[PDB]
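So this first bit is one chain, no partners, the form deposited without the named molecule, shown in structure tokens.
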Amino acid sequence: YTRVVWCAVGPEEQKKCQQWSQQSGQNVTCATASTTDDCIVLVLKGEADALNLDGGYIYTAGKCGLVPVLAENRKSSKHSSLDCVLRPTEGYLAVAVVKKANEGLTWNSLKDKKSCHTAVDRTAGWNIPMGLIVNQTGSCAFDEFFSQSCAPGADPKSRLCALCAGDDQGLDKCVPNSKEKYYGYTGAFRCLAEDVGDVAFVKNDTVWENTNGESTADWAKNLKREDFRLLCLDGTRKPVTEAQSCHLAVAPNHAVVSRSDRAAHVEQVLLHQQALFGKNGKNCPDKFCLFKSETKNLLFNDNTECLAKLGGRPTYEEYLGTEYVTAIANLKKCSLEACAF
């Protein structure tokens, strides 16, 4: 009843969800699926209530009637006077990242290079970059633009999965969940950091969080920011300290979605759940912290300060903005109004 069923994507989020379920006293329980799409379906069926989603998936989900309930909010130097739950969200910066030692690689010389994407249909990992590339090349053959890629969720036999690695055993190659080594903001940057690919489409935060000692994960230990460069749209290259003037787009924050008829309930539970396991929650550090997963961004991004109320009770289009919705719409016409399932 006042119990919420969260949808976890893959084995690792399932384990974090079970831990959460346990500390919550069954106030939250877990459903598990192998992909975000599957989790969206469980929610439509009513077999699950909510899950946190990147903007690209919010678009899929909105067409099927799901609604944004609360958004992820990270720290700001602005609006700091206002409490986290009521502070407007800022949006994140979608950037293209390369290794400095790879001299001469710019936005205009990306053809036939190797790329790393968070996952097919995601904001920074796919929608924005591929949207710009289709626009620029006057072509829908984005499957022929890079020689090889790791783009979780595409055909495993195809070149968009050639660079993906699967799990500890080589199983699950290219699955759009964390079992795939190079999945998500972290996997895509690792794909670049190990030199598997030449470019990685992630957000600004990912570079700062995985360099200069911020990570301790074996592959990130020795990563220095000065060994990285962002590709700007003007053909230029800049240090990662200049993302405000060298980004592909500003993107809406990841947000929690639910079916419209369960929204008020999910919202109420979440606010109480974060009072308990959020940033300064009563039980967070001591027992369990919703927003940590040792750099793996499980269920929520690890840099989340809190989940924030929306205000303006936005529909999913109002939430994503007309800009981003037209970019996705135009990109989708390369692969007609209905719920994808």
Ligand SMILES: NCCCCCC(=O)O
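Shifts are known only where both forms have a C-alpha. In this text, residue numbers run from 1 along the sequence as written. Each form is matched to the other, and the largest set of C-alpha atoms that superpose within 1.5 Å is called the rigid core.
As for the form deposited with the named molecule bound, it is not shown, yet the points below apply to it.
Novice: Can you tell me if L320 lies within 4.5 angstroms of the named molecule in the entry with it bound, counting non-hydrogen atoms only?
Specialist: Flag for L320 set to yes.
Novice: With a 4.5 Å heavy atom cut-off, would you call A251 a contact of the named molecule in the entry with it bound?
Specialist: Yes, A251 is a contact residue.
Novice: Do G166 and the named molecule come within 4.5 Å of each other in the entry with it bound, heavy atoms counted?
Specialist: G166: no contact with the named molecule in the entry with it bound.
Novice: Can you tell me which of 156-164, 243-251, 143-151, 190-198 lies within 4.5 Å of the named molecule in the entry with it bound, counting heavy atoms only?
Specialist: Contact-bearing stretch, as computed: 243-251.
Novice: Considering only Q244, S77, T216, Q169, single out the residue whose C-alpha is displaced by at least 2 Å between this form and the one not shown after superposing the rigid core.
Specialist: Flagged residue: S77.
Novice: Go ahead and list the segments of at least 3 residues in a row whose C-alphas all shift 2 Å or more between this form and the one not shown, with the rigid core as the reference fit.
Specialist: Segment displaced between this form and the one not shown after core fit: 77-79 only.
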